[PDB]
């Protein structure tokens, strides 16, 4: 089950850490933090996933957002990740992300970074 396979802890290639609960009606809730795992680097995340009949080994589409504000930092920024969960002994969440910074109208052209990250169940290094 998708809900089952998604819920838990995921690590990117730099061991940033994604702790998520997949709810029965499509909610993703959790925390995004960085490898050393201090509250200083922990942020709320919220998103959604689209569970659908398991055919052709298709991944499960999902997305989430982190606003980069906690009790220690206010980066005036938010990232969204869009991707898919694929289950199995080598389960992965493959994503592309957008990071937008709060900017002036004149600097808004330069407000949005794009990148990618791949999450697995095993902490690297």
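Residue numbers count along the first chain shown, from 1.
*Hey, which bit's got the bigger mean C-alpha B factor in the entry, 94-102 or 38-46?*
The recorded data point to 38-46.
*Mean C-alpha temperature factor, higher of 104-112 and 20-28*: For C-alpha atoms only, the mean B-factor is higher in 104-112.
*Against its chain's modelled residues, does residue 71's Cα B factor rank lowest, middle or highest third?*
Within its chain, residue 71 is a middle-third residue by C-alpha B-factor, going by the deposited values.
*Split the chain's modelled residues into thirds by Cα B-factor; is residue 58 in the lowest, middle or highest one?*
CA B-factor rank for residue 58: highest third.
*What third of its chain, lowest, middle or highest, does the C-alpha temperature factor of residue 78 fall into?*
Ranked within chain, residue 78 CA B lands in the lowest tercile.
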